[PDB]
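Report on the following structure.
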Number of protein chains: 2
Amino acid sequence: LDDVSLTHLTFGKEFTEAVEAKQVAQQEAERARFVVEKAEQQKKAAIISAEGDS
Amino acid sequence: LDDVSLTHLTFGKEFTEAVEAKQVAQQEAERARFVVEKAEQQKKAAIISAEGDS
């Protein structure tokens, strides 16, 4: 055996839903992570400014 | 041996990912350093202004 790979994991109706669902969840995650990250950097900037002023 | 040099450290798919990742991260670093130095600039401007008025 040179190579064995699984191809097309499926339910007919369900597979389509499965892919779509994965996509949406991905979007959700992106949004949430971004917001948190920027909040963190935002606060960092605030500290730096305060320090800078000081 | 006149010269020996590594060329094309890859592979192809990752090569693209690698360059892209490098660019983005470096930009972030660029931003961070730029903002701090600029803060210094404003710091200086304020000082010079105060001495100027003085």
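Chain labels follow the order of the structure tokens: the first chain is A, the next B, and so on; residue numbering restarts at 1 in every chain, and ligands are counted from 1 in their shown order.
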Transformed chain B, reference chain A, full Cα set in order, as a CSV table (one decimal) with C-alpha atoms, in the first residue's frame:
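Resulting contents of superposed_14.csv:
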chain,number,residue,atom,x,y,z
B,1,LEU,CA,-0.1,0.2,0.5
B,2,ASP,CA,1.5,3.5,-0.6
B,3,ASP,CA,-1.1,5.5,1.2
B,4,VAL,CA,-4.6,5.3,2.6
B,5,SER,CA,-6.8,8.3,3.0
B,6,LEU,CA,-10.4,8.8,3.9
B,7,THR,CA,-12.1,10.8,1.3
B,8,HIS,CA,-15.6,12.4,1.3
B,9,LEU,CA,-17.0,11.9,4.7
B,10,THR,CA,-20.6,12.7,4.2
B,11,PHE,CA,-23.6,12.2,3.1
B,12,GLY,CA,-24.5,14.9,0.6
B,13,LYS,CA,-27.3,16.7,2.3
B,14,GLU,CA,-25.6,16.7,5.7
B,15,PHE,CA,-22.2,17.5,4.1
B,16,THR,CA,-23.5,20.9,3.2
B,17,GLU,CA,-25.1,21.4,6.5
B,18,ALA,CA,-21.9,20.3,8.2
B,19,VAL,CA,-19.6,22.7,6.4
B,20,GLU,CA,-22.0,25.6,7.0
B,21,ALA,CA,-22.4,24.8,10.7
B,22,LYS,CA,-18.7,24.6,11.0
B,23,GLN,CA,-18.2,28.0,9.4
B,24,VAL,CA,-20.7,29.8,11.5
B,25,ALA,CA,-19.6,28.4,14.8
B,26,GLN,CA,-16.0,29.0,14.1
B,27,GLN,CA,-16.8,32.6,13.2
B,28,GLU,CA,-18.4,33.0,16.6
B,29,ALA,CA,-15.3,31.7,18.2
B,30,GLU,CA,-13.3,34.1,16.1
B,31,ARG,CA,-15.3,37.0,17.4
B,32,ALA,CA,-14.9,36.0,21.0
B,33,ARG,CA,-11.2,35.6,20.8
B,34,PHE,CA,-10.7,38.7,18.7
B,35,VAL,CA,-12.6,40.8,21.1
B,36,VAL,CA,-10.7,39.7,24.1
B,37,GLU,CA,-7.3,40.2,22.5
B,38,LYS,CA,-8.4,43.6,21.3
B,39,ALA,CA,-9.4,44.5,24.8
B,40,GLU,CA,-5.9,43.6,25.7
B,41,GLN,CA,-4.7,45.9,23.0
B,42,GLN,CA,-6.6,48.8,24.4
B,43,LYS,CA,-5.4,47.8,27.8
B,44,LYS,CA,-1.8,48.1,26.6
B,45,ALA,CA,-2.5,51.3,24.7
B,46,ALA,CA,-3.7,52.9,27.9
B,47,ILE,CA,-0.7,51.8,29.8
B,48,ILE,CA,1.8,53.0,27.2
B,49,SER,CA,0.0,56.3,27.0
B,50,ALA,CA,0.2,56.8,30.8
B,51,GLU,CA,3.9,55.9,30.8
B,52,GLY,CA,4.3,58.1,27.8
B,53,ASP,CA,2.9,61.1,29.6
B,54,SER,CA,4.9,60.1,32.6
query: Out of chain A, which residues get helix (DSSP H, G or I) from DSSP, as number ranges by chain?
result: A: 12-53
Print the selection's residues with C-alpha atoms to a file, as an mmCIF file, in the first residue's frame.
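As a result, result05.cif now contains:
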data_model
loop_
_atom_site.group_PDB
_atom_site.id
_atom_site.type_symbol
_atom_site.label_atom_id
_atom_site.label_comp_id
_atom_site.auth_asym_id
_atom_site.auth_seq_id
_atom_site.Cartn_x
_atom_site.Cartn_y
_atom_site.Cartn_z
ATOM 1 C CA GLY A 12 -26.159 13.528 2.131
ATOM 2 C CA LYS A 13 -28.185 16.285 3.710
ATOM 3 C CA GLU A 14 -26.142 16.307 6.832
ATOM 4 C CA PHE A 15 -22.776 16.712 5.225
ATOM 5 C CA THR A 16 -23.779 19.974 3.637
ATOM 6 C CA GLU A 17 -25.107 21.191 6.930
ATOM 7 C CA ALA A 18 -21.964 19.991 8.583
ATOM 8 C CA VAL A 19 -19.708 22.083 6.417
ATOM 9 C CA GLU A 20 -21.879 25.139 6.681
ATOM 10 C CA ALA A 21 -22.063 24.809 10.419
ATOM 11 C CA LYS A 22 -18.325 24.554 10.704
ATOM 12 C CA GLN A 23 -17.968 27.717 8.688
ATOM 13 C CA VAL A 24 -20.336 29.683 10.849
ATOM 14 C CA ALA A 25 -18.784 28.515 14.065
ATOM 15 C CA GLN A 26 -15.446 29.576 12.688
ATOM 16 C CA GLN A 27 -16.764 33.050 12.082
ATOM 17 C CA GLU A 28 -18.062 33.202 15.613
ATOM 18 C CA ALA A 29 -14.726 32.241 17.020
ATOM 19 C CA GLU A 30 -12.921 34.775 14.903
ATOM 20 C CA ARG A 31 -15.136 37.545 16.115
ATOM 21 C CA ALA A 32 -14.881 36.644 19.756
ATOM 22 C CA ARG A 33 -11.141 36.220 19.769
ATOM 23 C CA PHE A 34 -10.530 39.431 17.925
ATOM 24 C CA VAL A 35 -12.606 41.461 20.305
ATOM 25 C CA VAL A 36 -10.842 40.078 23.325
ATOM 26 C CA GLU A 37 -7.412 40.561 21.823
ATOM 27 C CA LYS A 38 -8.003 44.131 20.904
ATOM 28 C CA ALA A 39 -9.395 44.844 24.332
ATOM 29 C CA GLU A 40 -6.147 43.576 25.788
ATOM 30 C CA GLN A 41 -3.985 45.676 23.557
ATOM 31 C CA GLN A 42 -6.242 48.647 24.185
ATOM 32 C CA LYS A 43 -5.616 48.444 27.876
ATOM 33 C CA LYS A 44 -1.920 48.037 27.200
ATOM 34 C CA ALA A 45 -1.931 51.270 25.281
ATOM 35 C CA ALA A 46 -3.645 53.016 28.151
ATOM 36 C CA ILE A 47 -0.981 51.947 30.594
ATOM 37 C CA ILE A 48 1.789 52.991 28.273
ATOM 38 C CA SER A 49 0.226 56.379 27.796
ATOM 39 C CA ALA A 50 -0.094 56.880 31.523
ATOM 40 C CA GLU A 51 3.513 55.854 31.960
ATOM 41 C CA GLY A 52 4.555 58.050 29.104
ATOM 42 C CA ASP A 53 2.824 61.013 30.525
#
